[PDB]
Amino acid sequence: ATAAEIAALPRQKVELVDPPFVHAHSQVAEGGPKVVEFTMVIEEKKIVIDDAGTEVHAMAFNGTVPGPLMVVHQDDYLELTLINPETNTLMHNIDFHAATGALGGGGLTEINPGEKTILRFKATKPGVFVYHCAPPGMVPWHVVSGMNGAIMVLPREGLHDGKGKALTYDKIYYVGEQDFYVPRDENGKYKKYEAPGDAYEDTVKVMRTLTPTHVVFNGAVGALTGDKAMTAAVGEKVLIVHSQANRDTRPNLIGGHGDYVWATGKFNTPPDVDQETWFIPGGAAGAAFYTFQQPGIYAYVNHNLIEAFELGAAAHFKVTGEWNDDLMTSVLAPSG
Amino acid sequence: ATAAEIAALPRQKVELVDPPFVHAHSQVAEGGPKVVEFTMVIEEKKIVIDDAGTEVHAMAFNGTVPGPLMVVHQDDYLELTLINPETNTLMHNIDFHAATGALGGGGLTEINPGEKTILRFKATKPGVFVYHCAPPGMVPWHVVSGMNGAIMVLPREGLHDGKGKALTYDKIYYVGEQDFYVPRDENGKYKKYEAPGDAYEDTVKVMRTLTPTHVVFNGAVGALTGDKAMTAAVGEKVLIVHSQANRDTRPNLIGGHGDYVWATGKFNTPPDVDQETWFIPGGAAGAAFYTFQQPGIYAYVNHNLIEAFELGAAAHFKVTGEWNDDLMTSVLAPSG
Amino acid sequence: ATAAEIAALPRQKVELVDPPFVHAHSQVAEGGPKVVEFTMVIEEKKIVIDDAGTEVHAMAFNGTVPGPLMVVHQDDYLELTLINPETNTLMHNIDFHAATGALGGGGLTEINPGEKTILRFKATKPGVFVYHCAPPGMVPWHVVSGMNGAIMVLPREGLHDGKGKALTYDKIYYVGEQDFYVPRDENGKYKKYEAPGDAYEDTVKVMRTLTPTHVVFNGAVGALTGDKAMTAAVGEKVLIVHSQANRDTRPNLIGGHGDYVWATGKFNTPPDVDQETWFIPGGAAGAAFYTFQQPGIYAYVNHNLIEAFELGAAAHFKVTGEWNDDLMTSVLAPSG
Ligand SMILES: O=N[O-]
Ligand SMILES: O=N[O-]
Ligand SMILES: O=N[O-]
Ligand SMILES: [Cu+2]
Ligand SMILES: [Cu+2]
Ligand SMILES: [Cu+2]
Ligand SMILES: [Cu+2]
Ligand SMILES: [Cu+2]
Ligand SMILES: [Cu+2]
Ligand SMILES: [Cu+2]
Ligand SMILES: [Cu+2]
Ligand SMILES: [Cu+2]
């Protein structure tokens, strides 16, 4: 398509919402290709990542860790207006794994504090993809400071299983997983810093151990539990998009399964089925589809249980509904 | 299925055998759905895991690490009687990744010493699945203390390749891989403790480094080598079920291949073929089918060779039969 | 085939080239089965792996790290003459994951300094496979000293996608990823040694942490950048073979994609498509096929960005051609 043809295309402005929720969208594409517009302001800000009050000088797209999920359809154009406020101190940019060229847009979006840029790319490949800051010379630090998220490019005909059968979810959740490397003092207590730069040297040292001090969902230990636990009901079909821009993860819905899992996150690659624990390599997004059959609490975790329960990679699902004794029943409850 | 129908199903008690061996079963189901009954007694006991007398206070299903492999067919019901003797001191339960509901059954099987429980669940999905102890608050600790195993839910029609061609094995082995985190004193000597709880704080510290001191098959370094090597003959078809409940692994039959590998461990997902090294994420089981073509010794290992030969993740296969010079031959033996 | 039938097959002597380039070959098999001959001299030599002058006592096949890529077709016989010069001080051998029997040939190829051997095996399975030194007793050490490579066994009919369409590449590159464990002194400085054996005790201790000090492509940090960046042109089809003999990796062509990726490295296993980041387990090789659509610099990395940018696992592609504004364009360049 020529510039003229693209300028004639309809344009829709979408308002992003904070993870784990996803902005309103249609699974089946409406009309022909469109230029979907998104705006995100970068905010360098202090966030607390655990109950002890541990701090991280985050670099967050739209002010959240992970950045929000942007949703478009295959062959739509994603036009992102990216803003780096003069209140920030570092240069920032964005790399869309879903895009093609200039390091995912990285080479065309380098913005200093006080600048903005508008990048447009054709979403030619269907699936979920990671996006993240990629400044030449300080990539890992910015990424593990939370500057990453994901987008979903839906097939124009919505989701289907490997054999051509439609898969329509009732709800969708985006679980961004983040590995944090927080310096500790001689007492083994997490250190705090006045400015983000102050922490760089100590942090690089921790990063070199390839051992995160924290592995969390939605920016903090327990962020998706309690009044913020995800929800569903027996019978409900749920799509769980999961991303990790720097380190491997292995999602598992404890008490359930991954009925259809596009482990590689790409829709033209048939999904695996009946999964117990699936695998998403660092630098990628994956997605799992499940129809709940039992009510009660579920633990959604990175299945290296130390990472899940000692480091913070665990969420919960609260599911309402009738218990099914055919699937499972306590013949004899715990007793003498 | 009606209520009367389940109650009318034939009940069958099966006697378990210790890994790497598997209890008697039929690949193709025999008769309609059944309620397959198993019983496992929990044993807390000190075991030696290496050639240096290193000890671990194990928590073991049926007294073995890994716990035994339970085999049923899709749509049978697995009815497990789980016993926690009054001689034990810790709380236990069981999570079946193959099951649906109550956190895999963990929420219905919490038993203290002196208690027993009976759990029944319908094996609705075919494949090999991990099962492990999972009491709220002490999940990773108990799991890395060896309280995990796997089950196999065979398709009623047995296994088939991606083209619908039946895959019938002559022998089946279950290799459970265990990551252990044993504390060391300031001199580097592994510590010993009087009771399980005594080692808790020291052990969690090692666990948080995400670096196991040992990675073993069947509970100890060398457990599946020498006089305990697994066996086969040229021409025999063997299925090797492999599990790892907490950490990733990458099996490889050195000298052979994985002719058909259900890397994810789920039979409705077509197997990969001609594999050199496959990958099983922590929290899952996988299965590899192979037809031996050459006699001799084979090393079956986790292919991060440091984990295999420095940490303990290596086993052997001793295969009888005639050598095939077409496949391989020494044209010129080592010489000056 | 009988010994006589094999002896009558046509022979072809191949001259190997240093990675990332690959020796001349035909994607589609030229004629029936043949005995393809290769010769590799083992070289124990010092290599400098980073800009701080860090040394490693390398054990390199054909003098490089990784060893060169050998290409044959399915059902051809690979006949390798391996030489261990009197100048070397260690026993060496070779294990081909592509072969069948005697530990991949390791049991039939043990040669001391001053010895040579000739091994022939039938390449019965198509795909890319790892090969590495495998002495009984000192495996991980030699492997992580750089003694590993890969071979490609192409289907007689060349490559095809999952639907049977031919995938013909214009260029092919072989990226060997190496994890190094270099000892340091109490001041955090990398130690140097006068002979290979001198660093053994120290290296094992570092290997036990399972945390490499360096993760590099083609033997050194920046080896595949600058004067050695890989090249291509818009419209060109490129196959990127990638191997890791001891540790997991997750390749990603930043700016592009993996249009077709045989992640497990085996050609009879359908390739995944439109990949952002793929996964290759330690002890295996994989291959990705991509058609460039945009000119410019691309970063090819292990997508754990710490491993890529702090540890060394990063390469570059320099692509020439016309920029495609339909796929990506800067609507608004960085500005106030
Ligand atoms: O922009 N590097 O993944
Ligand atoms: O039951 N938690 O993996
Ligand atoms: O030959 N050991 O991977
Ligand atoms: Cu940034
Ligand atoms: Cu940045
Ligand atoms: Cu990236
Ligand atoms: Cu237990
Ligand atoms: Cu327990
Ligand atoms: Cu589990
Ligand atoms: Cu060697
Ligand atoms: Cu060697
Ligand atoms: Cu190997």
Side-chain angles (χ1 to χ4, degrees), chain A residues 305 309, chain B residues 42-44 57-61 67 82 84 88-95 106 109-113 131-149 196-197 200 245 250-256 276-277 297-309 313-316, chain C residues 42-44 57-61 67 82 84 88-97 99 101-113 129-148 196-197 200 245-246 281-284:
Chain A
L305 305 167
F309 300 101
Chain B
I42 298 163
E43 299 182 28
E44 293 167 4
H57 288 269
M59 306 184 191
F61 282 114
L82 185 68
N84 187 0
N88 285 335
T89 67
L90 312 169
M91 62 173 290
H92 300 280
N93 70 347
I94 187 167
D95 170 358
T109 53
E110 288 166 35
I111 51 183
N112 304 121
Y131 68 74
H132 62 80
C133 194
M138 56 203 332
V139 178
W141 182 43
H142 289 204
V143 172
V144 300
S145 286
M147 205 146 188
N148 64 82
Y200 188 83
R250 51 208 64 67
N252 175 324
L253 179 63
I254 305 301
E276 62 185 307
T277 296
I297 184 172
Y298 291 71
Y300 176 75
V301 316
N302 162 324
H303 214 296
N304 164 310
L305 306 181
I306 300 173
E307 292 181 31
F309 300 114
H316 293 159
Chain C
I42 296 169
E43 295 283 23
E44 298 180 2
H57 285 264
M59 299 174 193
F61 281 108
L82 186 65
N84 188 0
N88 291 327
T89 64
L90 304 175
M91 179 190 288
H92 300 288
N93 74 330
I94 187 173
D95 168 351
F96 289 95
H97 287 182
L103 302 169
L108 303 171
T109 58
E110 300 196 304
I111 52 184
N112 287 146
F129 304 77
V130 161
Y131 70 69
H132 64 83
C133 187
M138 291 318 333
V139 191
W141 188 47
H142 298 187
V143 179
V144 294
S145 290
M147 208 159 167
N148 64 81
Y200 178 77
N246 188 71

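Below, chains carry the letters A, B, ... as their sequence lines are ordered, and counting in each starts from 1. Remember, it's 1-based here, ligands and their atoms both numbered in the order they're listed. Reckoned from all heavy atoms, side chains included, excluding hydrogens, waters and symmetry mates.
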Check your understanding: Using the ring of each side chain (for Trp, its six-membered ring), is C:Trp141 parallel, tilted or perpendicular to C:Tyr200, with breaks at 30° and 60°?
Key ->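 Perpendicular: the ring planes of C:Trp141 and C:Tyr200 meet at over 60°.
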
Practice item. Taking the six-membered ring for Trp and the single ring otherwise, decide whether the centroids of C:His97 and C:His132 are under 6.0 Å apart. Key: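 Yes, the ring centres sit under 6.0 Å apart.
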
Point to revise | Contacts of the Cu ion (ligand 8) with protein N/O/S atoms, counting only those under 2.8 Å | key: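 Near the Cu ion (ligand 8), below 2.8 Å, one finds B:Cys133 SG, B:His142 ND1.
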
Practice item. Could you tell me which non-hydrogen atom of C:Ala245 sits nearest to which non-hydrogen atom of C:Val130, and how far apart they are? Key: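 Taking every non-hydrogen atom into account, CB-CG1, 3.9 Å.
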
**Study point:** From B:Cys133 atom SG to B:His92 atom NE2, the distance as rounded to the nearest 0.5 Å
**Key:**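 Those atoms lie 6.0 Å apart.
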
**Study point:** Atom pair NE2 (B:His316) and CD1 (B:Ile254), whose distance is rounded to the nearest 0.5 Å
**Key:**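 Rounded to the nearest 0.5 Å, the NE2-CD1 separation comes to 10.5 Å.
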
Exercise for review: Using only heavy-atom distances, determine whether the side chains of B:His303 and B:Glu276 contain a donor-acceptor pair under 3.5 Å.
Suggested key: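 No, no side-chain donor-acceptor contact under 3.5 Å.
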
